[PDB]
Amino acid sequence: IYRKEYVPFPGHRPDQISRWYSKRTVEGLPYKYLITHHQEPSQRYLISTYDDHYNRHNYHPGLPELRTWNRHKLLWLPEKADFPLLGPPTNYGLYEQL
Amino acid sequence: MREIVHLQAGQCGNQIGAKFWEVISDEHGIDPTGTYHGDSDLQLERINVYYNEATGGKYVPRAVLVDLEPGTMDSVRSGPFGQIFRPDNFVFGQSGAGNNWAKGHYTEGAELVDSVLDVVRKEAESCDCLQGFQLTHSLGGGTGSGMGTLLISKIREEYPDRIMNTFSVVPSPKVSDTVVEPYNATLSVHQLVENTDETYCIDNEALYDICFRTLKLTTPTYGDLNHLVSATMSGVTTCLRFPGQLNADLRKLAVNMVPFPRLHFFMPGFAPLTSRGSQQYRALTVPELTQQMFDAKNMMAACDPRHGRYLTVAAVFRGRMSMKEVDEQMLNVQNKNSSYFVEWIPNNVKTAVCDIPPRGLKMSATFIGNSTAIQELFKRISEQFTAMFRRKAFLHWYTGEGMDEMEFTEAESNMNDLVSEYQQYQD
Amino acid sequence: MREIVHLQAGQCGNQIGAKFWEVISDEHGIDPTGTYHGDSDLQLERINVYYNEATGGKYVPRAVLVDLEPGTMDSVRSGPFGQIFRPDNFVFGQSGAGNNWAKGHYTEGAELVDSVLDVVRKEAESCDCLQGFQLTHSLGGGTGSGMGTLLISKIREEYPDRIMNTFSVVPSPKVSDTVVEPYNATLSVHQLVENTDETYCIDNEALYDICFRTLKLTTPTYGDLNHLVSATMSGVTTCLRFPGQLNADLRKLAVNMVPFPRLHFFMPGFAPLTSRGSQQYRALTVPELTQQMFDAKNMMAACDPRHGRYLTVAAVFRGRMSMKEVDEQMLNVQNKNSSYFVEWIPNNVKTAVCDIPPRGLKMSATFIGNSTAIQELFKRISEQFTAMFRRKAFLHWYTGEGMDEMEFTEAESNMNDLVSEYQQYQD
Amino acid sequence: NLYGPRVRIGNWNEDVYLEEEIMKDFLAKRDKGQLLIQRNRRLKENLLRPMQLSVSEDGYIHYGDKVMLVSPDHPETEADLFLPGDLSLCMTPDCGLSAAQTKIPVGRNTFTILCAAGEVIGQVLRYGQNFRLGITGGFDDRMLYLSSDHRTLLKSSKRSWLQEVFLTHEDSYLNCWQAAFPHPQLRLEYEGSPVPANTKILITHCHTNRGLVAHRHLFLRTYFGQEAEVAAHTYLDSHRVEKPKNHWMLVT
Amino acid sequence: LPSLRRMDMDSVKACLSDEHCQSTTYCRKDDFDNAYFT
Amino acid sequence: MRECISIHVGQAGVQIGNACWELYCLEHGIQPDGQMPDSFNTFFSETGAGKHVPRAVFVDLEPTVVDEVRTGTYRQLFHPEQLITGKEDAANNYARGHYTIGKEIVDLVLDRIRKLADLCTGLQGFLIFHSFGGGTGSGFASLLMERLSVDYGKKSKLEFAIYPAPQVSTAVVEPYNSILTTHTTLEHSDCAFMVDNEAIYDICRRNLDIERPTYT
Amino acid sequence: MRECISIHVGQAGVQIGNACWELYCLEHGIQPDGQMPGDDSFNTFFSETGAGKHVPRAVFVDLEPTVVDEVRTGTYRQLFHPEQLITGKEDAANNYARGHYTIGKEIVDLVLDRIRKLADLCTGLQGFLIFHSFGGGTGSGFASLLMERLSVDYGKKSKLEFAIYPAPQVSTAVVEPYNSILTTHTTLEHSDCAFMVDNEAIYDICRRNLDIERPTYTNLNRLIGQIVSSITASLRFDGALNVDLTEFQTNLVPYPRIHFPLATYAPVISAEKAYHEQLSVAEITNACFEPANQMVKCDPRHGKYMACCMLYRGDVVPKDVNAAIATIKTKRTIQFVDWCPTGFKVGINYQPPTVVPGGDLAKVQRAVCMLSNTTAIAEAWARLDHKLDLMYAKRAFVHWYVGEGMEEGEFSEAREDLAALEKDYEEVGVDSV
Ligand SMILES: Nc1nc2c(ncn2[C@@H]2O[C@H](COP(=O)(O)OP(=O)(O)OP(=O)(O)O)[C@@H](O)[C@H]2O)c(=O)[nH]1
Ligand SMILES: Nc1nc2c(ncn2[C@@H]2O[C@H](COP(=O)(O)OP(=O)(O)OP(=O)(O)O)[C@@H](O)[C@H]2O)c(=O)[nH]1
Ligand SMILES: Nc1nc2c(ncn2[C@@H]2O[C@H](COP(=O)(O)OP(=O)(O)O)[C@@H](O)[C@H]2O)c(=O)[nH]1
Ligand SMILES: Nc1nc2c(ncn2[C@@H]2O[C@H](COP(=O)(O)OP(=O)(O)O)[C@@H](O)[C@H]2O)c(=O)[nH]1
Ligand SMILES: [Mg+2]
Ligand SMILES: [Mg+2]
């Protein structure tokens, strides 16, 4: 019985790839697919409030200088603290110094 | 500037910290090789809080990774940021703890502290002004619950005036993966209350409920829960590293939060979490973050706050934002439902605003809350303990390792009086 | 989200459903190996209604195949789609029935229904929202008419809110094939009256008339008769699986077609049927479909609706047509010969339109008719019953197993009052 | 009952959202051509480009011929694990050196015999005369060089702990090698003689006096798979003769 | 592929799952691999 | 300032709302995905991502038509959560959609309606698109009307309901529902404009030269 | 480096270890000649030489010179070390006394020496795996002597069992209650945990699950090897929740005399029916609790569960495991003791089970092995109680036992210890309030 049952099996390589899928499905989704909301860059919101309100003097070359009243939202819409120049990151030269 | 020393204990602590350091390196612009590829000087001024400056411009974290079995530490070293950690900070044994608090505190987890403590003294003596220590573990095991509490005790003995923080993943009520879990939880809470300044309670099934009912993921796994825990953890040290209009370090979140020294157990939360379907169709503002931050189903601990009462409340906001509606909204949430805030303290909400949000977000916020509903999480642990200890079930795996029968009674009495102490402040 | 569990009783039901799965597996583009290789992605929209998911993305039908002999199992495993069926669903006995309702219903039939229901209950409990049950069987036999009726009177109490669908082969008028088939037919339809929401009567002689006159097929094997039965078998559950302008599942065709719970015996009909020599001479217009479905030569039941009154009429259309032509045609065929519809019910026609025709047809239609012409089918079975029963002939093969005269008298009384209430509600 | 990723059952809309947006990210990465399959394919095709070694019209190798550094097959069994044989020196992007089981000029195998002193190209290489070995880098015509340094507590070989060999862009005397006759009593006679091209010779670092050695029992698992490790150590027998593993051949 | 009646014939004889048509077939794995339809 | 919230109930309501919101997106500068390359505020509300989400709630018990909307050409315009969907059908029964199957989805549609009113400041109208002959539009619309009259009060709700026609008829149990929902709604609404499909068939085939019109 | 040494005692031991090491060699890339042509940590069960030859760290010991010797002339004759196959000239011949007192002490020196030569190469030796049978002479006598010597020589270390309990009503011998009870008398004080399997329960699950009739002993050794491989799977491969040999011991037995958990394997499906089923975690867990799919012929509804050590395998997700357990805990037909509120242990492994060609299982993607100790095993001890009660009043088969070293008075001590064990099992399964 032993020499009939326990016969060598040629060309039987093991499964070494489904365990990769099982490890990767428990690693989890990266941070892009779980917490990043409006497909947003890693360069946008890096502006200090001091650096926006004193260093650049509320620059933002796209707001009207006089606010205007709307018919639907009953407020004078263009809020200079609500659209705070999501633009050039705050640099002062520490990168080149280091 | 005020440096923070990170400690990781156990499989859960190691994986949470592995997922945490990648978020920190993302928000400070550190690549997996350790070099800097960000684009702002705000990410480089206070990078010394978490990273030391090695030669050649590479940054190595100030973290110590402690375990007793090398299985999960191989996966940590095969993490996406696995090469940034110092090889000398990897301290690990060859024999497991066997889900045993007793042998992981006295027999197998006490001869390895002579190297862990040497490492901790080494990397906390190069920092200029050390603020405190940071520990993540799980109370339901044998490595984090056993060895981690001994580490906490010795660190508090050697550094008495620093801040000891703890993100403990307590055993979940409904689903469990260890029979001797209540013994470890009971024996760990008693040593927690004697040597910690702050302790955050995270329940795994509350995290699963958050992933199922808000993120709407069909297959939520441990990596997503680790991301949520790490996103909460990075939101409490944001004023250390980035500027803001109202700063608050870890000590400001203590003095404003613990009135009585035995009441330092909180339940954390993260505001901007939504599914991929509704992620494009919502607007990030103040009244959207504060509406669901105070929501009962957005908490990382499985305790309903509508049962209990909020003792004092913290909310640390991030990103460029206004200071009026961050006060108006958290005055209105205090005055509409005034029955869930205790009355012997007039204001209860602490406000902190940073102006640099997490990457991929416009603004975000972190919730720290001390409530009288956290004692629900200890009453059922004590009920399971007194259901198990009265029959001496699984007790020879604790008694024969060098522990007396009175330690269980002392720990259970201490937790029972902790439970009864929270009961005084509800009615 | 709706699912159907399909049951197969006896030789006739086994062959009919083995052909039905042949006509469903190509509608949904499913290979004989189980793989999906269809044309469009609309076919996988609602594959859940008839198919489960196996490992590797294969699809297996949700069918239960029962009999008391393994011969028909050998026939259906040797067919084209034999290897797609579930091997655990082949429940068979060791000894056959052989045209006895008593042994197929009480002793040998009841020795197998436990093993049948141990699969049926598991399949129903695995369903998320099961909507109904489907049965293919023959009333003129012994294993279908007994064990299928026992299954009907065993799943009805377990799931009392679901839909019972039956595909019954009633004995033909001109030529019979079993001398004890009046007995089994009467007992089977006596069980069928009180445990089924709707029955679909099919006669083989009417199918011979269709296959000889309409299709000009002068050697009509049982394959083409199974084609004809199975086409209207799939044309009634089409709005579940494919979108359309006006949808109708089995419950919608229930409320509009059975007014009174004992009057739920219908007659089917499939509209586009043309010979190969009359193919190019027939225009493909919706009027021609309405003409062919509303003639009495396209009825699978051997009953002329000239005598009786159509109580309510169903008509489900497939393909792309405007609703105006369908509405105009059906309103005007109601209005022209308005003496063949009951005036107590104001409008009698039910309309449903689906957007996917069968693979190869420009458009299609399917007739379901409640009429006062089915009771004529029951009259002649009653006359044969009283002729056979007043002489007590062929009766000792029944009372030797558990029957008595009381069940026969009760069944004859039930058919007498069913004929009486069919007659009462025509005029 | 759980179904598959094409049928609307249960939660399907969120999986469609995630699948479509992951598809969009992957398609953007594909259009930009920065997928790691594409980067790996380009790096592999740069590494395996067909090069043409120069023929020797007189049987000698001169300065400036594109040559090979192959290791002859040895029947000796010092250790019972072994790489089969006919190993050629190759550059491995771990810059990295390894002996590889191939014998076709593949671009990461071809070396150019350079000059150290004032020697013009076409001048015949000689025994005991300094020369440098150069290879082409990735996406640039900047000459790397075969170089070795003294063995410290910080700079040694990878799996053995002997003297290292790397590729570098720095020009010094760490850059130089010289060829020696394998026969020890016939070394000083065979000094001014020209080198026959495909002959078993010994290559020594001029600043450390350590010959190049390809350790056949130390397997390096790379993307191509199962290559040896090369270091700089002069092994000897009991008869004061170098090992077969120290010998090297120059293939034209 | 084996018929049910053949399975019962093979069950009547005392075949020890190595002569049975249950666990043994003459087709090799290449016969199963190329047994598709498209 | 004059925002309106449309409630489409049933297969008729969803198929009407598809054409209605196609016309609304065409009238303003709204792309089919919701982008715009300021009169739209009465129908469309802006978010922070630049999208113009509609102020509409699509409900049906039977999932097929809402599923078709989810996989149609207007997938990126609508919110994933304004499309409220059950599992079982309505089965042409007022009783089911008003008492058994209609009272386990009323919480989510009411929460979405309350959620919609938060972004708006000047709400004064509710538009109801449903049919008197079906089960959803007769049963579930009626109970939603009762709850809306309970928790909002004096906001005017107007209904565009598809009435039975004298000659054409889709269903048989249609007079039962057509009497029952007009008995329930009659005190809980403000103005009810009636429509029947045979009239628009006549209008299309006479006033235009169009032959065999469809539902769209 | 966390290796385990296997010890196979007796004919049952070697015939189980053949299938076990065949599956171990098949699940890695190990040829039968010991040659190999990331996370594959085969060093916990295979040593290494200079030529890449991997030898098992196991000993095959049996007093009969047939079955171990026929291993030496088969397929795997080049795999095992020649000196790790200890065989004897005269067998015990169904005699606990003979293999415990006359043949035992005389051959135990070589087995102890070979274990010591295997153990000095170890670095992080976790425990010992002992395979034997209760009804035999070698597997009851020489196994218990090995227990005694291993415990006095290594002390506090794990010692796990895969023992063949006697079937309740069917048997191959007649003196087997004597041997079984005598070896349980000396096992309780010197064992750590004893995973229990039968033969006729495996006969029933071979008849009704794989749809085969007439199985042989290899046809059961395949299932036993599958159980052994899945139990030690978390020590050779990685996983989300790894479980070592110490977790079987510190999370399953509440008292040091309750160390008998029942074993079962969930997806026992044949290759003609495997690919038509959806083998998800819910139906792979519900089938593991069924009263017909256990390896010990005993109904767990008779008793109360103490602890359950679920080991999972394959492409399993922990949320499905938690949902399946929460489904189990809502079933009132299945009970737990009151002093165990949680009552579960979960281990997750990534590697799906490798299939053996010529076997009877299929290429499944998921697997569950359970180890649960239940008060219902007291029903199994009562039958052996009654059988020794029947056979000892007449002093049948005693003259064989007393002529080989032992006296009459040790049957009394074995009887007292089994009565005490029945008392403990009865006392545990009561309430507190
Ligand atoms: N004018 C017009 N009428 C429609 C349209 N769609 C459906 N109808 C009418 O709707 C009636 C039946 O549909 P429903 O009211 O939705 O019936 P239901 O049971 O609720 O169907 P579901 O909503 O799918 O559950 C028919 O009598 C049609 O007259 C449409 O697109 N245009
Ligand atoms: N299920 C199963 N049972 C086995 C197997 N091999 C042996 N057994 C059982 O184990 C019992 C003990 O028999 P042996 O192992 O031969 O006894 P022994 O260890 O050789 O001791 P001696 O017979 O005295 O030499 C037998 O009665 C069999 O019932 C096996 O492969 N599978
Ligand atoms: N949220 C979360 N839970 C984890 C993680 N790893 C383990 N756990 C949970 O922690 C519980 C026990 O952890 P355990 O294995 O005992 O950690 P140990 O103390 O290092 O042994 C298990 O029920 C797991 O579900 C993780 O990375 N994240
Ligand atoms: N249309 C059709 N009728 C069938 C088929 N098979 C059997 N029948 C009918 O079934 C009747 C005999 O019933 P039978 O199957 O022998 O009885 P049973 O075996 O007890 O279910 C005959 O009148 C046939 O007309 C089939 O494939 N198609
Ligand atoms: Mg619908
Ligand atoms: Mg023997």
# chains A, B, ... in the order shown; residues from 1 in each chain; ligands from 1
>>> select_by_dssp(residues="range 52-89 of chain D", states="strand (DSSP E or B)", output="ChimeraX atom specification")
/D:60,62,66-71,87-89
>>> closest_atom_pairs(of="chain F", to="ligand 5", cutoff="9 Å", atoms="only C-alpha atoms and all ligand atoms", output="tab-separated table")
residue	atom	partner	partner_atom_place_in_ligand_line	distance
F:10	CA	ligand 5	1 (Mg)	7.3
F:11	CA	ligand 5	1 (Mg)	5.7
F:60	CA	ligand 5	1 (Mg)	6.4
F:61	CA	ligand 5	1 (Mg)	6.5
F:62	CA	ligand 5	1 (Mg)	3.7
F:63	CA	ligand 5	1 (Mg)	5.2
F:64	CA	ligand 5	1 (Mg)	4.7
F:65	CA	ligand 5	1 (Mg)	5.3
F:66	CA	ligand 5	1 (Mg)	7.5
F:67	CA	ligand 5	1 (Mg)	9.0
F:89	CA	ligand 5	1 (Mg)	6.5
F:90	CA	ligand 5	1 (Mg)	8.1
>>> residues_near_ligand(ligand="ligand 4", cutoff="7 Å", atoms="only C-alpha atoms and all ligand atoms", output="ChimeraX atom specification")
/C:9-12,15-16,97-99,137-138,140-145,169,171,176-177,204,222-223,225-226
>>> residues_near_ligand(ligand="ligand 6", cutoff="10 Å", atoms="only C-alpha atoms and all ligand atoms", output="PyMOL selection string")
chain G and resi 9-13+62-68+88+90-94+136-139
>>> write_last_selection(atoms="N, CA, C and O atoms", output="PDB file, in the first residue's frame")
ATOM      1  N   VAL G   9       5.584   7.576  17.791  1.00  0.00           N
ATOM      2  CA  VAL G   9       5.743   6.339  18.543  1.00  0.00           C
ATOM      3  C   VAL G   9       4.731   5.326  18.032  1.00  0.00           C
ATOM      4  O   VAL G   9       3.529   5.613  17.973  1.00  0.00           O
ATOM      5  N   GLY G  10       5.216   4.146  17.668  1.00  0.00           N
ATOM      6  CA  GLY G  10       4.345   3.061  17.275  1.00  0.00           C
ATOM      7  C   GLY G  10       3.988   3.073  15.804  1.00  0.00           C
ATOM      8  O   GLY G  10       4.379   3.947  15.023  1.00  0.00           O
ATOM      9  N   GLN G  11       3.221   2.043  15.432  1.00  0.00           N
ATOM     10  CA  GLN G  11       2.791   1.885  14.047  1.00  0.00           C
ATOM     11  C   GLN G  11       1.867   3.017  13.618  1.00  0.00           C
ATOM     12  O   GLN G  11       1.991   3.538  12.503  1.00  0.00           O
ATOM     13  N   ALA G  12       0.943   3.413  14.498  1.00  0.00           N
ATOM     14  CA  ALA G  12       0.113   4.584  14.237  1.00  0.00           C
ATOM     15  C   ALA G  12       0.966   5.834  14.099  1.00  0.00           C
ATOM     16  O   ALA G  12       0.707   6.679  13.232  1.00  0.00           O
ATOM     17  N   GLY G  13       2.007   5.949  14.927  1.00  0.00           N
ATOM     18  CA  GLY G  13       2.876   7.112  14.862  1.00  0.00           C
ATOM     19  C   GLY G  13       3.603   7.233  13.537  1.00  0.00           C
ATOM     20  O   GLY G  13       3.608   8.299  12.919  1.00  0.00           O
ATOM     21  N   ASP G  62       9.533   2.679  16.880  1.00  0.00           N
ATOM     22  CA  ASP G  62       8.567   1.597  17.002  1.00  0.00           C
ATOM     23  C   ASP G  62       9.336   0.331  17.344  1.00  0.00           C
ATOM     24  O   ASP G  62      10.437   0.100  16.842  1.00  0.00           O
ATOM     25  N   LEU G  63       8.741  -0.490  18.209  1.00  0.00           N
ATOM     26  CA  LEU G  63       9.386  -1.717  18.654  1.00  0.00           C
ATOM     27  C   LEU G  63       9.253  -2.861  17.661  1.00  0.00           C
ATOM     28  O   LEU G  63       9.945  -3.873  17.810  1.00  0.00           O
ATOM     29  N   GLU G  64       8.387  -2.726  16.663  1.00  0.00           N
ATOM     30  CA  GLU G  64       8.227  -3.749  15.642  1.00  0.00           C
ATOM     31  C   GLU G  64       9.088  -3.397  14.435  1.00  0.00           C
ATOM     32  O   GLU G  64       9.074  -2.240  13.996  1.00  0.00           O
ATOM     33  N   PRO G  65       9.852  -4.341  13.881  1.00  0.00           N
ATOM     34  CA  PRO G  65      10.815  -3.991  12.827  1.00  0.00           C
ATOM     35  C   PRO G  65      10.245  -3.915  11.417  1.00  0.00           C
ATOM     36  O   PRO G  65      11.013  -4.020  10.458  1.00  0.00           O
ATOM     37  N   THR G  66       8.931  -3.764  11.252  1.00  0.00           N
ATOM     38  CA  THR G  66       8.391  -3.800   9.896  1.00  0.00           C
ATOM     39  C   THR G  66       8.143  -2.410   9.310  1.00  0.00           C
ATOM     40  O   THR G  66       8.702  -2.075   8.262  1.00  0.00           O
ATOM     41  N   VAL G  67       7.309  -1.599   9.966  1.00  0.00           N
ATOM     42  CA  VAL G  67       6.790  -0.386   9.334  1.00  0.00           C
ATOM     43  C   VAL G  67       7.863   0.691   9.206  1.00  0.00           C
ATOM     44  O   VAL G  67       7.905   1.416   8.206  1.00  0.00           O
ATOM     45  N   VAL G  68       8.725   0.840  10.214  1.00  0.00           N
ATOM     46  CA  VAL G  68       9.811   1.811  10.112  1.00  0.00           C
ATOM     47  C   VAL G  68      10.839   1.353   9.085  1.00  0.00           C
ATOM     48  O   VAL G  68      11.411   2.168   8.349  1.00  0.00           O
ATOM     49  N   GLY G  88      12.905  -1.689  16.849  1.00  0.00           N
ATOM     50  CA  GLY G  88      13.215  -2.758  17.777  1.00  0.00           C
ATOM     51  C   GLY G  88      12.984  -4.139  17.198  1.00  0.00           C
ATOM     52  O   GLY G  88      12.351  -4.278  16.148  1.00  0.00           O
ATOM     53  N   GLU G  90      11.721  -7.093  19.006  1.00  0.00           N
ATOM     54  CA  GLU G  90      10.505  -7.717  19.512  1.00  0.00           C
ATOM     55  C   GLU G  90       9.496  -6.632  19.859  1.00  0.00           C
ATOM     56  O   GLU G  90       9.839  -5.655  20.535  1.00  0.00           O
ATOM     57  N   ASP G  91       8.261  -6.804  19.403  1.00  0.00           N
ATOM     58  CA  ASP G  91       7.230  -5.809  19.646  1.00  0.00           C
ATOM     59  C   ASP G  91       6.589  -6.016  21.014  1.00  0.00           C
ATOM     60  O   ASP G  91       6.774  -7.041  21.675  1.00  0.00           O
ATOM     61  N   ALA G  92       5.821  -5.009  21.438  1.00  0.00           N
ATOM     62  CA  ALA G  92       5.154  -5.075  22.732  1.00  0.00           C
ATOM     63  C   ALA G  92       4.003  -6.069  22.727  1.00  0.00           C
ATOM     64  O   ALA G  92       3.726  -6.693  23.760  1.00  0.00           O
ATOM     65  N   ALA G  93       3.327  -6.217  21.583  1.00  0.00           N
ATOM     66  CA  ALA G  93       2.229  -7.165  21.372  1.00  0.00           C
ATOM     67  C   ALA G  93       1.069  -6.913  22.339  1.00  0.00           C
ATOM     68  O   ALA G  93       0.698  -7.773  23.143  1.00  0.00           O
ATOM     69  N   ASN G  94       0.507  -5.703  22.235  1.00  0.00           N
ATOM     70  CA  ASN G  94      -0.709  -5.291  22.949  1.00  0.00           C
ATOM     71  C   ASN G  94      -0.547  -5.419  24.460  1.00  0.00           C
ATOM     72  O   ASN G  94      -1.379  -6.004  25.154  1.00  0.00           O
ATOM     73  N   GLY G 136      -2.536   0.596  21.541  1.00  0.00           N
ATOM     74  CA  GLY G 136      -1.377  -0.211  21.228  1.00  0.00           C
ATOM     75  C   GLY G 136      -0.573  -0.582  22.460  1.00  0.00           C
ATOM     76  O   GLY G 136      -0.924  -0.265  23.595  1.00  0.00           O
ATOM     77  N   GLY G 137       0.528  -1.285  22.216  1.00  0.00           N
ATOM     78  CA  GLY G 137       1.452  -1.630  23.277  1.00  0.00           C
ATOM     79  C   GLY G 137       2.623  -0.675  23.328  1.00  0.00           C
ATOM     80  O   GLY G 137       3.007  -0.201  24.401  1.00  0.00           O
ATOM     81  N   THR G 138       3.205  -0.390  22.161  1.00  0.00           N
ATOM     82  CA  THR G 138       4.283   0.591  22.088  1.00  0.00           C
ATOM     83  C   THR G 138       3.751   2.001  22.304  1.00  0.00           C
ATOM     84  O   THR G 138       4.301   2.766  23.106  1.00  0.00           O
ATOM     85  N   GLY G 139       2.654   2.347  21.629  1.00  0.00           N
ATOM     86  CA  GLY G 139       2.094   3.684  21.700  1.00  0.00           C
ATOM     87  C   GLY G 139       1.419   4.020  23.012  1.00  0.00           C
ATOM     88  O   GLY G 139       1.078   5.188  23.229  1.00  0.00           O
TER      89      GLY G 139
END
>>> residues_around(residues="residue 378 in chain B", least_positions_apart="3", cutoff="10 Å", atoms="only C-alpha atoms", output="compact mmCIF listing (two decimals) with N, CA, C and O atoms, in the first residue's frame")
# COMPACT_ATOMS: atom_id res chain seq x y z
N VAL B 170 -8.28 48.65 23.94
CA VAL B 170 -8.92 47.82 24.96
C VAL B 170 -9.70 46.70 24.29
O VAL B 170 -10.03 46.82 23.10
N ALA B 185 -6.62 42.60 30.59
CA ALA B 185 -7.18 43.95 30.67
C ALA B 185 -7.28 44.44 32.11
O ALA B 185 -6.92 45.58 32.42
N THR B 186 -7.73 43.56 33.02
CA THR B 186 -7.84 43.92 34.43
C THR B 186 -6.47 44.17 35.04
O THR B 186 -6.29 45.16 35.77
N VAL B 189 -5.09 47.69 33.47
CA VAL B 189 -5.72 48.97 33.81
C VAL B 189 -5.20 49.49 35.16
O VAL B 189 -4.92 50.68 35.32
N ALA B 373 -19.51 58.04 30.46
CA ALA B 373 -19.93 56.85 29.73
C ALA B 373 -18.78 55.91 29.43
O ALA B 373 -19.00 54.84 28.86
N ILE B 374 -17.55 56.29 29.79
CA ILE B 374 -16.41 55.40 29.60
C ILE B 374 -16.41 54.28 30.63
O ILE B 374 -15.82 53.22 30.40
N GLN B 375 -17.11 54.47 31.76
CA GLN B 375 -17.17 53.42 32.77
C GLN B 375 -17.98 52.22 32.31
O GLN B 375 -17.84 51.15 32.90
N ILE B 381 -15.88 44.58 31.57
CA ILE B 381 -14.61 43.90 31.81
C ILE B 381 -14.56 43.34 33.23
O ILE B 381 -14.16 42.19 33.45
N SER B 382 -15.01 44.13 34.21
CA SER B 382 -15.07 43.65 35.59
C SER B 382 -16.09 42.53 35.76
O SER B 382 -15.87 41.62 36.56
N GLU B 383 -17.20 42.59 35.02
CA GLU B 383 -18.19 41.52 35.07
C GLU B 383 -17.63 40.22 34.52
O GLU B 383 -17.82 39.15 35.13
N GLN B 384 -16.92 40.28 33.40
CA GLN B 384 -16.27 39.08 32.86
C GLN B 384 -15.18 38.57 33.79
O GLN B 384 -15.01 37.35 33.94
N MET B 415 -10.05 48.84 39.97
CA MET B 415 -10.90 49.19 38.84
C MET B 415 -12.35 49.40 39.25
O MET B 415 -13.04 50.24 38.67
N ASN B 416 -12.84 48.64 40.24
CA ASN B 416 -14.22 48.81 40.70
C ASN B 416 -14.40 50.17 41.36
O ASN B 416 -15.43 50.83 41.16
N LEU B 418 -12.53 52.76 40.61
CA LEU B 418 -12.48 53.68 39.48
C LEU B 418 -13.83 53.82 38.80
O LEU B 418 -14.22 54.91 38.38
N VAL B 419 -14.55 52.70 38.66
CA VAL B 419 -15.89 52.72 38.08
C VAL B 419 -16.84 53.51 38.97
O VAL B 419 -17.59 54.37 38.49
>>> residues_around(residues="residue 188 in chain G", least_positions_apart="6", cutoff="12 Å", atoms="only C-alpha atoms", output="list in words")
residues 144, 147, 148, 159, 161, 181, 182, 194, 255, 256, 257, 258, 259, 260, 414, 417, 418, 420 and 421 of chain G
>>> closest_atom_pairs(of="chain G", to="ligand 3", cutoff="9 Å", atoms="only C-alpha atoms and all ligand atoms", output="JSON lines")
{"residue": "G:240", "atom": "CA", "partner": "ligand 3", "partner_atom_place_in_ligand_line": "6 (N)", "distance": 7.3}
{"residue": "G:241", "atom": "CA", "partner": "ligand 3", "partner_atom_place_in_ligand_line": "15 (O)", "distance": 5.9}
{"residue": "G:242", "atom": "CA", "partner": "ligand 3", "partner_atom_place_in_ligand_line": "15 (O)", "distance": 7.6}
{"residue": "G:243", "atom": "CA", "partner": "ligand 3", "partner_atom_place_in_ligand_line": "15 (O)", "distance": 8.7}
{"residue": "G:318", "atom": "CA", "partner": "ligand 3", "partner_atom_place_in_ligand_line": "25 (O)", "distance": 7.8}
{"residue": "G:345", "atom": "CA", "partner": "ligand 3", "partner_atom_place_in_ligand_line": "23 (O)", "distance": 8.9}
{"residue": "G:346", "atom": "CA", "partner": "ligand 3", "partner_atom_place_in_ligand_line": "23 (O)", "distance": 7.9}
